[PDB]
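Undergrad: My structure is below; once you've seen it, I'll send some questions.
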Amino acid sequence: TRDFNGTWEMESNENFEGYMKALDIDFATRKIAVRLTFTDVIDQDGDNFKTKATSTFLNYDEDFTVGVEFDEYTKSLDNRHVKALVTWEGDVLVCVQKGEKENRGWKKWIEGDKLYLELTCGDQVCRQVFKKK
Amino acid sequence: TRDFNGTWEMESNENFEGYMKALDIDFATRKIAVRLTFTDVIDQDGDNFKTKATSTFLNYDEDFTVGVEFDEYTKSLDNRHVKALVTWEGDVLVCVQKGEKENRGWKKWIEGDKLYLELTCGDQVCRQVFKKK
Amino acid sequence: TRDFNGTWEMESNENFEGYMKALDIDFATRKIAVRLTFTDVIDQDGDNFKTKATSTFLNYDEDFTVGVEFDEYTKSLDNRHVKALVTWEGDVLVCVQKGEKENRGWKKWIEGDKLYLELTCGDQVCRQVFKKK
């Protein structure tokens, strides 16, 4: 068919960095464009085309069951192999990521309708607070 | 007028990188801000102001008629001027972009309900598959 | 409570770069990840978790009343402390940012239905024009 009308969400993106490298794009923008997904909207009236490609960030997914130690490759941060276990300690969700780094993990707990998350690695701690919508 | 209330979308941004370099901003973050557009929301209560600037990536637009050679400035990627012509090759939309780069263009075609796009430049080719919403 | 179901919007993110630096993450991806805000969707069925992390850009806010000299931290740009005051020059909103840099500030004014913004620092000036929606 010759009908390209519609809104198209990307499901695959192969050799994006090689194509961008052929265009002489800098390394910083290259490592950021490989972390994006694109949605192209196309209006076609016979031979007249209007196309706009919207770019968004790739959505990171993590599914797990409490008590089952699963293999995790942090494809979002440092790309390392860790073995992660999520445990219940009272009402605090505790997770340990055993690997090259020590004291690495995170801890979640809820207060009212705000979520508190502590990302730990070594002696460094990152604190993030979320509100519920 | 002194009334600044409303939502304001950026249409032009001249010498942003020079201004940021004067602010001693690192090169990586500068190369990320040169690819953004801004939308500012303004609340004005007499002399009271509340401002929020939303940042997004500039979206690539391509409007054309098959067979008509149009001038295209390839923002979002390499910022180059090419002269592009779109042809029908069977049911495949073929486009050639004459410019500094050779073998540069793209090819779209539909199979089933998936859109396939092949971006080529030099000896590098990028393959993209899209699903309809 | 042990119920984490829902959509959680980030409101605070402390020491994200230190945590990422402890993970040996490169400087480019760190300076873009020190931006951004995160929204995590969590579906919890007893002990089974399914999480999706949506990424967007950090907005950065600046709220002020005309005539009060306020402390401003340019988190959107260079992360410096300046003391900024916004003045009226006719119908033009003028603001000067006294700090480590000199001749630093901005000027906004409306003509027709377009907002004109001049970012100045050193001998470099950036001009931005916005249209109203």
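Just remember, in the structure tokens the first chain shown is A, the second B, etc., residues are 1-based per chain, and ligands are 1-based in the order shown.
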Quick one: everything within 6 Å of residue 12 in chain A, counting only C-alpha atoms, minus sequence neighbours fewer than 2 positions away in the same chain. Send it as a ChimeraX atom specification.

TA: /A:10 /B:128-129

Undergrad: Can you pull out every residue within 12 Å of residue 112 in chain B, counting only C-alpha atoms, but drop anything in the same chain fewer than 4 positions away, and send it as JSON, numbers by chain?

TA: {"A": [1, 2, 3, 4], "B": [116, 129, 130, 131, 132]}

Undergrad: Counting only C-alpha atoms, which of C:97, C:44, C:74, C:65 gets nearest to chain B?

TA: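 Ranked by minimum distance to chain B, first place goes to C:65.
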
Undergrad: To test your reading of the structure, identify every residue in chain B that backbone DSSP assigns to helix (DSSP H, G or I), and report it as a list in words.

TA: residues 16, 17, 18, 19, 20, 21, 22, 27, 28, 29, 30, 31, 32 and 33 of chain B

Undergrad: With N, CA and C atoms retained, write the just-selected residues as an mmCIF file, in the first residue's frame.

TA:
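Saved file part_15.cif follows:
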```cif
data_model
loop_
_atom_site.group_PDB
_atom_site.id
_atom_site.type_symbol
_atom_site.label_atom_id
_atom_site.label_comp_id
_atom_site.auth_asym_id
_atom_site.auth_seq_id
_atom_site.Cartn_x
_atom_site.Cartn_y
_atom_site.Cartn_z
ATOM 1 N N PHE B 16 22.989 31.114 21.920
ATOM 2 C CA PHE B 16 22.803 30.481 23.221
ATOM 3 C C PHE B 16 24.103 29.857 23.712
ATOM 4 N N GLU B 17 24.882 29.276 22.797
ATOM 5 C CA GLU B 17 26.100 28.574 23.186
ATOM 6 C C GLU B 17 27.182 29.547 23.640
ATOM 7 N N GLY B 18 27.277 30.708 22.990
ATOM 8 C CA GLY B 18 28.210 31.725 23.448
ATOM 9 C C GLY B 18 27.867 32.252 24.828
ATOM 10 N N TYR B 19 26.576 32.480 25.082
ATOM 11 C CA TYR B 19 26.133 32.924 26.400
ATOM 12 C C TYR B 19 26.440 31.882 27.470
ATOM 13 N N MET B 20 26.174 30.606 27.178
ATOM 14 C CA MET B 20 26.451 29.551 28.148
ATOM 15 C C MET B 20 27.948 29.385 28.385
ATOM 16 N N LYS B 21 28.762 29.558 27.340
ATOM 17 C CA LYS B 21 30.208 29.461 27.513
ATOM 18 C C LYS B 21 30.726 30.572 28.417
ATOM 19 N N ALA B 22 30.125 31.761 28.327
ATOM 20 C CA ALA B 22 30.464 32.844 29.241
ATOM 21 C C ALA B 22 30.080 32.524 30.680
ATOM 22 N N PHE B 27 31.170 21.537 28.447
ATOM 23 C CA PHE B 27 30.894 21.361 27.026
ATOM 24 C C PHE B 27 29.770 20.363 26.788
ATOM 25 N N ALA B 28 29.670 19.330 27.626
ATOM 26 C CA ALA B 28 28.633 18.321 27.442
ATOM 27 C C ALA B 28 27.245 18.918 27.638
ATOM 28 N N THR B 29 27.018 19.578 28.778
ATOM 29 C CA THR B 29 25.718 20.194 29.028
ATOM 30 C C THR B 29 25.398 21.276 28.005
ATOM 31 N N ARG B 30 26.418 21.941 27.458
ATOM 32 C CA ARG B 30 26.151 22.927 26.418
ATOM 33 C C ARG B 30 25.656 22.241 25.154
ATOM 34 N N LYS B 31 26.256 21.099 24.810
ATOM 35 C CA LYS B 31 25.834 20.345 23.639
ATOM 36 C C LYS B 31 24.473 19.694 23.838
ATOM 37 N N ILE B 32 23.957 19.694 25.064
ATOM 38 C CA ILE B 32 22.612 19.202 25.316
ATOM 39 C C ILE B 32 21.599 20.341 25.277
ATOM 40 N N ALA B 33 21.997 21.540 25.708
ATOM 41 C CA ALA B 33 21.115 22.699 25.662
ATOM 42 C C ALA B 33 21.003 23.312 24.270
#
```

Undergrad: B:123, B:26, B:78, B:111: which is nearest chain C, counting only C-alpha atoms?

TA: B:26

Undergrad: Could you name the residues that touch residue 52 in chain A at 9 Å or less, counting only C-alpha atoms, but leaving out those on the same chain fewer than 2 positions away, as a ChimeraX atom specification?

TA: /A:39-42,50,54 /B:59-63

Undergrad: Per DSSP on the backbone, what are the strand (DSSP E or B) residues of range 64-131 of chain A, as a VMD selection string?

TA: chain A and resid 64 to 65 70 to 73 81 to 89 92 to 98 105 to 111 114 to 121 124 to 131

Undergrad: Can I get the selection written as a compact mmCIF listing (two decimals), in the first residue's frame, with C-alpha atoms?

TA:
```
# COMPACT_ATOMS: atom_id res chain seq x y z
CA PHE A 64 10.74 -8.55 40.46
CA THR A 65 9.28 -10.65 43.26
CA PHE A 70 17.42 -12.22 40.23
CA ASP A 71 20.21 -11.22 37.86
CA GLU A 72 20.25 -7.50 37.07
CA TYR A 73 22.30 -5.66 34.45
CA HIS A 81 26.24 -7.44 36.41
CA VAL A 82 24.79 -7.53 39.93
CA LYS A 83 22.66 -10.07 41.77
CA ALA A 84 19.73 -8.28 43.38
CA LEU A 85 17.47 -9.38 46.23
CA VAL A 86 14.46 -7.46 47.56
CA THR A 87 13.40 -8.14 51.15
CA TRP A 88 10.73 -6.88 53.53
CA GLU A 89 12.12 -5.32 56.73
CA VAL A 92 10.68 -0.84 54.42
CA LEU A 93 11.47 -2.33 51.00
CA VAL A 94 15.19 -3.16 51.12
CA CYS A 95 17.22 -4.31 48.12
CA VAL A 96 20.87 -5.39 47.96
CA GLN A 97 22.83 -5.55 44.69
CA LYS A 98 25.84 -7.82 45.17
CA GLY A 105 21.35 -1.10 47.03
CA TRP A 106 18.25 0.94 47.75
CA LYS A 107 15.50 1.27 50.36
CA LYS A 108 11.92 2.47 49.81
CA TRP A 109 9.23 3.41 52.31
CA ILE A 110 5.99 5.40 52.16
CA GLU A 111 4.74 8.17 54.45
CA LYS A 114 5.07 10.42 49.69
CA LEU A 115 7.63 7.76 48.75
CA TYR A 116 11.16 8.00 50.14
CA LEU A 117 13.99 6.26 48.27
CA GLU A 118 17.63 6.00 49.38
CA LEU A 119 20.10 4.86 46.72
CA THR A 120 23.34 3.68 48.35
CA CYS A 121 26.70 2.63 46.95
CA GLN A 124 27.59 7.58 48.97
CA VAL A 125 23.83 7.98 49.40
CA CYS A 126 21.28 9.56 47.05
CA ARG A 127 17.90 10.61 48.46
CA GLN A 128 14.78 10.89 46.29
CA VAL A 129 11.25 11.76 47.41
CA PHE A 130 8.17 11.09 45.29
CA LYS A 131 4.57 12.28 45.59
```

Undergrad: Could you tell me which of B:67, B:100, B:133, B:36 comes closest to residue 55 in chain A if we count only C-alpha atoms?

TA: B:36

Undergrad: Nearest to chain C: which of B:103, B:37, B:5, B:13 is it, counting only C-alpha atoms?

TA: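 Using only C-alpha atoms, the shortest distance to chain C belongs to B:13.
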
Undergrad: Please, what distance in Å, to one decimal, runs between CA of residue 56 in chain C and CA of residue 57 in chain A?

TA: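 Between CA of residue 56 in chain C and CA of residue 57 in chain A the gap is 7.0 Å.
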
Undergrad: Which polymer residues have any atom within 7 Å of an atom of residue 122 in chain A, counting only C-alpha atoms, with same-chain residues fewer than 4 positions away left out, as a count of residues only?

TA: 4

Undergrad: Would you mind reading off the distance between CA of residue 53 in chain C and CA of residue 38 in chain B, one decimal, in Å?

TA: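 These atoms are spaced 23.3 Å apart.
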
Undergrad: Mind pulling up the distance from CA of residue 23 in chain A to CA of residue 77 in chain B?

TA: 7.7 Å

Undergrad: Taking only C-alpha atoms into account, which of C:11, C:35, C:25, C:48 comes nearest chain B?

TA: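 Looking at the shortest contact to chain B, the residue is C:35.
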